[PDB]
There are 4 protein chains.
Amino acid sequence: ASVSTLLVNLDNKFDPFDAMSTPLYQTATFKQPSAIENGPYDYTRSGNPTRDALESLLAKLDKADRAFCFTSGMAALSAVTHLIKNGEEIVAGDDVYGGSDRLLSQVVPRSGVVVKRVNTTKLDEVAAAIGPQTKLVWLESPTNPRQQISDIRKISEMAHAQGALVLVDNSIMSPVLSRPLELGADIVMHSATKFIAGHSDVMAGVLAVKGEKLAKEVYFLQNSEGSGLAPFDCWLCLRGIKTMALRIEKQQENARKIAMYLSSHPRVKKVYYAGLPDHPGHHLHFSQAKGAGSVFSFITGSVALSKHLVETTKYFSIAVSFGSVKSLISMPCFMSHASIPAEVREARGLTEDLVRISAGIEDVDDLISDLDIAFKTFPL
Amino acid sequence: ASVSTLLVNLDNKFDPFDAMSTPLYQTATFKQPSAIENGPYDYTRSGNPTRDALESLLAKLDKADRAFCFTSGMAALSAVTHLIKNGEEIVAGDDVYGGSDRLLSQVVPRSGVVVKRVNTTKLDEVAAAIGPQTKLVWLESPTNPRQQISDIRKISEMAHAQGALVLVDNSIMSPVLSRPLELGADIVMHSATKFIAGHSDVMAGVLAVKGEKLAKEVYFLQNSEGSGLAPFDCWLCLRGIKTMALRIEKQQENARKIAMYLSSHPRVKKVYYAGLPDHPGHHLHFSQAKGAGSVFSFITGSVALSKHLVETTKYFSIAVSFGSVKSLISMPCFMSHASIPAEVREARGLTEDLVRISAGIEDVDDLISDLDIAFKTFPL
Amino acid sequence: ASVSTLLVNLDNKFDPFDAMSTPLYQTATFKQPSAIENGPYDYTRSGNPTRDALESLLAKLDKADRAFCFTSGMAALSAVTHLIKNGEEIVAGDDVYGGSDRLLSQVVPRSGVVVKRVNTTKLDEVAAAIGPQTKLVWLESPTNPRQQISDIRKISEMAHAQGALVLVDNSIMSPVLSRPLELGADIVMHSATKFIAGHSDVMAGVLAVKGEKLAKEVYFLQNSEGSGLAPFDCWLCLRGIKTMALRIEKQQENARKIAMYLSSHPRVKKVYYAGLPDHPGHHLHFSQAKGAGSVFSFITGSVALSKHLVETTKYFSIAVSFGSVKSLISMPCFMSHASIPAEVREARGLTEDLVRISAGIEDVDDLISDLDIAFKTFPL
Amino acid sequence: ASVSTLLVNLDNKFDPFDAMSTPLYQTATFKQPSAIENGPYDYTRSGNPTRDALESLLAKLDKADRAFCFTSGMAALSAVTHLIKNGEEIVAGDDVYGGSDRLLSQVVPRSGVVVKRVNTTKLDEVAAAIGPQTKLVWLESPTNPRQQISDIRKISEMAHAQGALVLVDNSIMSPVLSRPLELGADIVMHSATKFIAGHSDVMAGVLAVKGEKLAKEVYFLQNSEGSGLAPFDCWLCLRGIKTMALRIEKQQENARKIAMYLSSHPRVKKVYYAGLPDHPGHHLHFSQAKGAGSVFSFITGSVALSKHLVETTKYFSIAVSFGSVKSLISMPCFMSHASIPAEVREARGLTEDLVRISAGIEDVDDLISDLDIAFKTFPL
Ligand SMILES: *Cc1c(COP(=O)(O)O)cnc(C)c1O
Ligand SMILES: *Cc1c(COP(=O)(O)O)cnc(C)c1O
Ligand SMILES: *Cc1c(COP(=O)(O)O)cnc(C)c1O
Ligand SMILES: *Cc1c(COP(=O)(O)O)cnc(C)c1O
């Protein structure tokens, strides 16, 4: 039974009328059966039929013991973070996403937790980083925007060697291309704001958990810090996940073709994309994933040319994130860090002229044609 | 300019078409204007027009500098909590609500933050408990379900003279009966799931802040822990908050009358309601609140008769919380702590037969008659 | 069992989890149980659980056999209209609302259905106009904006003695002030866009029917012309209808007081409101309605002063319709028929300076003070 | 600029914040600028920014002068029908859809309009059917479930020859495969409940019009009979139309492969599908369309085998309609007419054992495998 076939099934047992869409329980409380006993549901912060339908499809998708839905990706990562106590340590790949950065830096500390940074690509570096009191190993792969690959099976054994939990933020791959729990991770997180919902109209975060005692501790925090995804947002996620395989299938192929057109373009200096045969990490990646994705970036050594591509293209929207049906284009180097000086950007592997693209589901000839016209209009 | 009157004010400067209802911005991202600069908005976790319209109304209602909306009441209490660093001190009443209790005993510790519990009605204790390390004082008055009154002006001065922040969870009072920031509090919090939304159909928390620095610090956390209330939810709060003054007016009056009836009823031992002249705290409370709200409880000395009133009443629903248009009834001891033993149930100031009622907006003659019959049908 | 009390009753037999809010069935199709038989539901155009929950409440409020919800007020009036065959006769007041007017003069004719217009306050005319071909009598009392009262018990007997159906568009009264099916009417219609939903945010029409055959005939049309109100809309009506009794109570009282003030004001020539003792029809209306509602108008003999009151009032919005929590003000002559000439504007019983107000639920001292200032700032 | 690329573009001029998703104007009224003049919007029944964004994308998709959105497909067809006056005629292909049937039969008549039926495949039949006073020619192609083809260019000239309007109900093809306005039709109707929204969670109907005076007459009825699609439903339509090209592309290909597997299956007697080279009409169809679609049917001469396939398959849902991401299966012969006797089904070209499939976007091997197992389990 394929993913494609699994994403559209409606297994809503509770529904007496078998509607084709999951009924939306937009309520806060439920009436109890008696003065002494509760019902299956009582308060939405604790549990809700609609969110249960989504959390449950997502556990199957990730082959997890239990899945949890949060108001956003950051909320999911913040909860994970509230699992390490005072005097513990966290080995954080130092490449990891902006909000993840800010979190590991400015927030995790106020809690008496220690934060180690590394290059999860160098096993020795991460080997030396895994201390006695190391309780969490937190990875991302491909990284962004460079697409550098890390070995999740091995980093899993080093960490598991100290009795530590491995968190794999799979947002960039989604359950259709990768399933980290089957590579040794303990918790896979997905910003569902990206591929899962795929329409850039809903914030959501997902924690997919391996191990019951573990899941019980996540539920404790989803239910106590009250960050469970709202019923309406769950419904929009349920509606969107249905075409996830269909959308990734077209998107990724658009990305392959635009990466190839750019790869051999006179004005493009380098192209990062794990799908290119020439990508350092290519073979490593595909040993743990079925696809490169639909996000990639490139350099042009010319910041004035890069701004032009970004601002001139008619089919790409200038925006953050990726994974929507609309193709996006940006400069993470002078934008996704506008507060980044000349040393603030150099202190972060990236270069003022770097352009990142999130390919959508348009006709790739429309997109390649759009980019070509854009290079041919830049004056000198 | 009265509150009833302020609540229906539609202040949407952004909307070109002057809709009578605030346009719902159900979107996760916004397009940036150029490659270098951002727009007023960029990402719903960071900010959204619909949520801004609500956070603004809420700041005006509470006379706060800025207000913040969180995915739920607990999320809001959880952020205030992430303001206090490793090894600092938190002094919080003993009465403090269930979820707050749990958060105070099992999550705050994980940060090395120390928690002292006090009976905030006894100034000495408050005095005794507030040292050099105290950075947060956390009140709640009336207490649930006894409706104990604490002096908020005097507790604020003590803490401030110690440089501590004062939080008042004003959920049971809401903006139209009390505005704690004018009594020394620094942050007022509401479970907007209760009176603000008013229909039992949306989960939401609000944080009303005094002080630009503080606010900046609350915003920093609402944004990084990605917990701002979602747009559909903000829209439902905006919609339900409009009848807030109206709902409370009829509700409060209903509770008054129903306490009247129970107070002089032969099978009712004690009635807890701050509106009753005979209630310890009456004059204190009304010295800092324009009214006694709509939740109250009573004891009957008979766990068997209490269950009976609870299950037999035809017009009250057996449910958790309050502040909704529907009248609710429950038993905080044998229910809102159901899995509670003999001393583990009395380990909380509440005899297991205490019944709590949340008056709604129905005909009070229907509700009072509903209770009378239930008292008469009880088997001996 | 009072109306205020009936409005919050949650009667959802179908829902397994007893949510406090009716589950929204946002779906177009339902799965059938076998290849041969259907289920309770199959297609939202045919029926939906959420819409059923509302159509049921509405039948109980109006003491009707069955009720139907349409995409809007006009859709409902348009269906009643599709009940009358080729070459039959329709007798409908002259006063009858704009959209109804248009529908009566430009669409009903296309069917060979003949339309006679009468001043339903003059029984003779009604008598004179009702022949052997009359199959529908269409009333509206009070009339807009003059608030003319027609005798609904006596008009029903005449038509019935001629075998004609009687429709009463009860939009301005709603179920808590009048229930026309207990006065001889056969179908009562409401623009649920007005008092029922009560927040200016949903378009909806309701048809409350007396008689199984008739109902069957209305259902046949709601179903075939695919016009039943959509599920999200039904849910918003269910949500807003709960404060209906509460909203009207404060609203009606507000209108009373504001008519009081204007009636004895030096710059106001005539005030039209059926609650005023001096109003022709007072005793008739209150002989068939429990109240005068919240819409009324006044003349000032000065088109220039009327525009001024309309544009200067700070607390009234310039807008069409009524029944919302927000106070509205407008000029039916120079606005709700703006593109109206000199005799084409007087070709409707309304002097071009008539101002209509719809009282909302704000502080009446705020509203009355708002009007006073506007009378005082008017340039001479 | 391809359709695929056009379906995801956001051309919302009015939006000051450029959200990626169209802002939802869930309101009924808008405030007017002054006492004498309206704004662009005033009442949702008349016009709404969100519906305008959808009606406008749909005009581009169909190459129409203006597009209109209705509460449902039937509402769209019912409005079309209110365009022919008393004493006019309608030439209705007699094969046309159920609700279309019911309408042409039981409703259109009460209006003094004459109804002719034909086999739009026989030009002579339709030649003889086009009278002097014929104002509407109403087609469907492929028909359902037979997929019989009609020539839309020629039937367009015969009709236009009498000054008549041609209505083409394109629901089964959608704008991605066919655009009838470019073949002589005047109005193309789409049940948007099908392919446009594609998630079976929203009812909607669409009229795409050629000719301004024409469009003005449709707007008159959408605006007067109040059947304009609700803002929320428009938003769900906007969200769904975005993957329409992506969904039809996979769906149609699944259909091709399942039609081919069934075509050569021992237990299948006939397969109707315009994409099969062997289909009477094949070449005719593709002269006016780019694809066969994803709906087809087949016969097995065995009603007991057909029920079994329908009720045994694990990946097909038993439901009406088509065009959703979920594959559907049914027997229109003994189900989509359960009230169809032994002569009531014979009086309608179809046969008790006929099975219709609407292919979804699953893995076609999952679906073919599911059907094969189903044939191999039927006992004798
Ligand atoms: C986009 C992104 C996030 C942010 O998630 P939100 O849902 O918007 O808070 C987290 N992690 C990664 C790896 C991302 O790339
Ligand atoms: C209900 C309640 C809360 C919890 O708020 P949620 O919206 O349910 O997370 C917090 N404080 C008080 C005093 C409450 O009564
Ligand atoms: C407003 C109004 C209508 C129209 O209803 P819609 O919901 O706007 O279509 C019908 N009747 C009366 C008497 C009205 O005042
Ligand atoms: C499905 C169908 C319709 C029905 O439309 P609704 O939107 O559900 O009312 C109309 N026409 C055709 C041709 C169809 O096949």
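The values are calculated or read from the model by the stated rules, or taken from the named source; none is laboratory data. Please note: Cβ atoms are built from the backbone with ideal geometry, for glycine as well, and neighbour counts cover all protein chains shown.
Pairing residues of segment B:130-152 that are farther than 10 Å from B:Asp95 by Cβ and part of a loop (DSSP other than H, G, I, E, B) with residues that are away from ligand 1 (no atom under 16 Å from the Cβ) and acidic (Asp, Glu), at Cβ distances under 8 Å and at least 6 apart in sequence or on separate chains, gives B:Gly131/B:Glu89; B:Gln133/B:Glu88; B:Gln133/B:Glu89. If you go through segment D:342-358 and pick out every residue that is away from every other protein chain (no Cβ under 12 Å), closer than 30 Å to A:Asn9 by Cβ and assigned to a loop (DSSP other than H, G, I, E, B), you end up with 1. For C:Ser339, the conditions (1) under 25 Å from the mean Cα position of the chain (by Cα); (2) closer than 30 Å to B:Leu7 by Cβ; (3) surrounded by fewer than 22 Cβ atoms within 10 Å (Cβ to Cβ) all hold with the exception of (2). Scanning segment A:51-90 for residues that are under 19 Å from A:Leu165 (Cβ atoms), more than 10 Å from every other protein chain (Cβ to nearest Cβ) and touching a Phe, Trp or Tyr at 6+ places or on another chain (Cβ under 7 Å) gives A:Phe68, A:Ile90. For the residues C:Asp101, C:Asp95, the requirement of being of a type outside the set (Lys, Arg), more than 16 Å from ligand 4 (Cβ to nearest atom) and buried (at least 24 other Cβ atoms within 10 Å of the Cβ) singles out C:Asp95.
Scanning segment A:27-58 for residues that are in contact with a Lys or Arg (Cβ under 9 Å, 6 or more places away or on another chain) and of a type outside the set (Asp, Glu) yields A:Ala28, A:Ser34, A:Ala35, A:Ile36, A:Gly39, A:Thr44, A:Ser56.
Each row is one residue, and each column tells you yes or no for (1) more than 16 Å from ligand 4 (Cβ to nearest atom); (2) among the hydroxyl-bearing types (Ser, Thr, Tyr); (3) under 23 Å from A:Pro109 (Cβ atoms); (4) outside the structural domain of B:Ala53 (by CATH).
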| position | (1), (2), (3), (4) |
| --- | --- |
| B:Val168 | yes, no, no, no |
| B:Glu182 | yes, no, no, no |
| B:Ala185 | yes, no, no, no |
| B:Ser191 | yes, yes, no, no |
| B:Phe195 | yes, no, no, no |
| B:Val206 | yes, no, no, no |
| B:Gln222 | yes, no, yes, no |
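From the list B:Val310, B:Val295, the one residue that fits, being under 24 Å from the mean Cα position of the chain (by Cα), over 30 Å from C:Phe232 (Cβ atoms) and more than 13 Å from chain A (Cβ to nearest Cβ), is B:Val295. Applying the condition of being at the interface with chain C (Cβ under 8 Å from one of its Cβ atoms) and assigned to a loop (DSSP other than H, G, I, E, B) to segment B:1-28 and asking which residue is farthest from the chain's Cα centre (by Cα) yields B:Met20.
Just so you know, in segment C:302-319 the residues that are buried (at least 22 other Cβ atoms within 10 Å of the Cβ) and farther than 20 Å from C:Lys250 by Cα include one that is farthest from ligand 1 (Cβ to nearest atom), and it is C:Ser306.
Working only within segment A:161-184, note down all residues that are over 22 Å from B:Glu225 (Cα atoms) and either among the β-branched types (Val, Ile, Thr) or within 14 Å of chain D (Cβ to nearest Cβ) (or both). Break it down into steps so the answer makes sense when it comes.
If we filter segment A:161-184 for residues that are over 22 Å from B:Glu225 (Cα atoms), which is where we start, we get A:161-164, A:173, A:175-184.
The answer is A:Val176, and nothing else.
Name every residue in segment B:287-300 that is in contact (Cβ under 8 Å) with a residue 12 or more places away in the chain and over 19 Å from B:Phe322 (Cβ atoms), in order of residue number. Answer for segment B:287-300, where residues must be in contact (Cβ under 8 Å) with a residue 12 or more places away in the chain and over 19 Å from B:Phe322 (Cβ atoms): B:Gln288, B:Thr300.
Taking the criterion of being charged (D, E, K, R) and away from ligand 3 (no atom under 13 Å from the Cβ), would at least one residue in segment C:163-178 satisfy it?
no
Annotation: of all residues in segment C:359-377 being away from chain B (no Cβ under 12 Å) and crowded, with 16+ Cβ neighbours inside 10 Å, the one that is nearest to C:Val325 (Cα to Cα) is C:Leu371.
Just for segment D:197-217: of the residues that are among the aliphatic types (A, V, I, L, M) and touching a strand residue (DSSP E or B) at 6+ places or on another chain (Cβ under 6 Å), which one is nearest to ligand 1 (Cβ to nearest atom)? I'd like the intermediate steps shown before the answer.
Of segment D:197-217, the ones among the aliphatic types (A, V, I, L, M) are D:197, D:202-204, D:206-209, D:214-215.
Among the residues that remain, those that are also touching a strand residue (DSSP E or B) at 6+ places or on another chain (Cβ under 6 Å) are: D:206-209, D:215.
Working: D:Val206: 34, D:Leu207: 39, D:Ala208: 38, D:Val209: 42, D:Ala215: 42 Å.
Of everything passing the filter in segment D:197-217, D:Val206 is nearest to ligand 1 (Cβ to nearest atom).
Beta carbons closer than 8 Å, at least 6 apart along the sequence or on distinct chains, pair a first residue in segment A:341-358 that is among the aliphatic types (A, V, I, L, M) with a second that is assigned to a strand (DSSP E or B) and surrounded by fewer than 23 Cβ atoms within 10 Å (Cβ to Cβ) for A:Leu354/A:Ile299; A:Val355/A:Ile299.
Each residue in segment D:126-137 was checked for being more than 20 Å from the chain's Cα centre (by Cα) and under 22 Å from D:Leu103 (Cα atoms), and 7 pass. The set of residues in segment B:128-165 being of a type outside the set (S, T, N, Q) and over 30 Å from B:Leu354 (Cβ atoms) consists of B:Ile130, B:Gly131, B:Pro132, B:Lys135, B:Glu157, B:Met158, B:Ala159, B:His160, B:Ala161, B:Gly163, B:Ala164, B:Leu165.
Kindly establish whether B:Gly39 is of a type outside the set (D, E, K, R), within 16 Å of the chain's Cα centre (by Cα), surrounded by fewer than 24 Cβ atoms within 10 Å (Cβ to Cβ) and assigned by CATH to the domain that holds B:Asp233. Before the answer, list the steps.
Working: of a type outside the set (D, E, K, R): yes; within 16 Å of the chain's Cα centre (by Cα): no; surrounded by fewer than 24 Cβ atoms within 10 Å (Cβ to Cβ): yes; assigned by CATH to the domain that holds B:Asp233: yes.
Taking the combined requirement at face value, the residue does not satisfy it.
Any idea which residue in segment C:190-247 is surrounded by the fewest Cβ atoms within 10 Å (Cβ to Cβ), counting only those that are free of Cβ contacts under 8 Å to residues at least 12 places away in the same chain and of a type outside the set (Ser, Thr, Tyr)? Talk me through it step by step, then tell me what you get.
The initial filter retains those residues of segment C:190-247 that are free of Cβ contacts under 8 Å to residues at least 12 places away in the same chain, namely C:213, C:216, C:220, C:224.
From what's left, of a type outside the set (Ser, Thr, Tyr): C:213, C:216, C:220.
Working: C:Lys213: 9, C:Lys216: 11, C:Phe220: 16.
Taking the candidates together, the pick is C:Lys213.
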